[PDB]
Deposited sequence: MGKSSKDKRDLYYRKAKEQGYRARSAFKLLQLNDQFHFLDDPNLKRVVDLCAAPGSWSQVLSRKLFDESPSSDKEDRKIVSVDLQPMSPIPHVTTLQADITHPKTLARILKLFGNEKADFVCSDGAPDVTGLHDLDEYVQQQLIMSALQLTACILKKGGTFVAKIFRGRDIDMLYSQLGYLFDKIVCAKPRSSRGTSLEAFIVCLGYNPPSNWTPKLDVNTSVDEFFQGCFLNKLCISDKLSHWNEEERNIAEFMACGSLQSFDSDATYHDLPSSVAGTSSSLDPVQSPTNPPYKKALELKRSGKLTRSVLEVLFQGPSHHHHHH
């Protein structure tokens, strides 16, 4: 109901959150690379980050770097279709949605995986923060595989009491872990974004990543470096 909600209606973006990934890319410039070719948007509904992905890599990109470019956006909620985006209605847990995503690429790994997913906050901060690190963890499942080694992973975080756990739990897997508010991010929100650059090495009703990151880490906290993003 702020600035960005009318500026979203003015540019045909599905939600105000579209500017968080834009104001993010005003830094890091992970979407201004002409070599950039395969991206995954997880928990994408209603799809404003996928629009930004479409506009940046097709509508505003020379025809010379549009080759093999492929955007697949996933949510368990059905999404209205987006030009140049393949929308999957599938669970990021489930079996062939990793194989399925991989088929729609030339079994090439993705250069960049993003997620702006968040459940509606309850007002109970410990629950809201834990639920958010749930969704980041399960999102990390597929990013662990499909992402090309040395490739970016972006996720929205609850920047609260236990965030320093998540950073250190993520120290094993990235070159430089960054944390960013943009400026379309409401002051009224504990919101921030964990922009993991340089995918480094992963490992080698059952056990999941949450419990094996909890396996190794455990009860330790580190502070990721901070990065403001917009201009």
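Engineer: Numbering the deposited sequence from 1, which residue ranges have no coordinates here?
Structural biologist: No coordinates exist for the deposited residues in 1 to 8, 213 to 232, 260 to 325, so these stretches are absent from the model.
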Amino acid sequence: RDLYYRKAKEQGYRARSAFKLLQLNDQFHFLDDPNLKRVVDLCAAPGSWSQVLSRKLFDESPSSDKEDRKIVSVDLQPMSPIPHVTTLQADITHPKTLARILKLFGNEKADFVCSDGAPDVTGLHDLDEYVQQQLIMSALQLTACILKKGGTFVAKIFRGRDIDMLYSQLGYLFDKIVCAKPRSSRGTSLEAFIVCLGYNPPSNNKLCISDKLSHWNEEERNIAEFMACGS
From here on, numbers count along this sequence of modelled residues.
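Engineer: Once you work out the mean C-alpha B-factor for both 20 to 28 and 209 to 217 from the entry, which is higher?
Structural biologist: So the stretch with the higher mean C-alpha B-factor is 209 to 217.
Engineer: Using only C-alpha atoms and the B-factors in the entry, which stretch averages higher, 48 to 56 or 29 to 37?
Structural biologist: Per the PDB record, 29 to 37.
Engineer: Considering only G123, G160, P119, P95, which residue's Cα atom bears the greatest B-factor as recorded?
Structural biologist: Highest CA B-factor of the listed options: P95.
Engineer: Going by the deposited entry, which of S80, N107, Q132, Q77 has the highest CA temperature factor?
Structural biologist: Answer, based on the entry's C-alpha B-factors: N107.
Engineer: Would you mind ranking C114 by its C-alpha B-factor against the rest of the chain and naming the third, lowest, middle or highest?
Structural biologist: Lowest third.
Engineer: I136's Cα B-factor: lowest, middle or highest third of the chain?
Structural biologist: Bottom third by C-alpha B-factor.
Engineer: Once the chain's modelled residues are ordered by C-alpha B factor and cut into thirds, is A155 in the lowest, middle or highest one?
Structural biologist: According to the entry, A155 has a C-alpha B-factor in the chain's lowest third.
Engineer: Can you work out whether the C-alpha temperature factor of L127 puts it in the lowest, middle or highest third of the chain?
Structural biologist: Lowest third - that is where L127 ends up once the chain's C-alpha B-factors are sorted.
Engineer: Splitting the chain's C-alpha B-factors into thirds, which one does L102 fall into?
Structural biologist: CA B-factor rank for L102: highest third.
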